[PDB]
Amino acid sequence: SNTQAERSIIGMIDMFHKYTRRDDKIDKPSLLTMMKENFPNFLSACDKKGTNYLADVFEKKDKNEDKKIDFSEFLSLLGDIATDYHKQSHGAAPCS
């Protein structure tokens, strides 16, 4: 009975919780793993452009520099990923 958009959003929460530790936050190695497992085609596109997304994603998204990715920071990362697919649909090359 949930819609597709609702299922999609709930899905990101459960994805998140696949990788958190007991503090409900994601550490650097867990985040790179989350990315390889859940966005391998996104990453591949970047690589083909000469961009290694995982070299700096943790440092870019760990805005408060506590060496963890919290939920708000996780959402911001999903935002960056969404934004690239949005740009592409408007014709930009991927990972622009």
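Numbering starts at 1 and follows the sequence shown.
- As listed in the deposited structure, the average C-alpha B-factor of 45-53 and of 23-31 is greater for 45-53.
- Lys60 sits in the highest third of its chain by CA B factor, as recorded in the PDB entry.
- Looking at the C-alpha B-factors along this chain, the one for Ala82 belongs to the lowest third.
- Split the chain's modelled residues into thirds by C-alpha temperature factor. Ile13 is in the lowest one.
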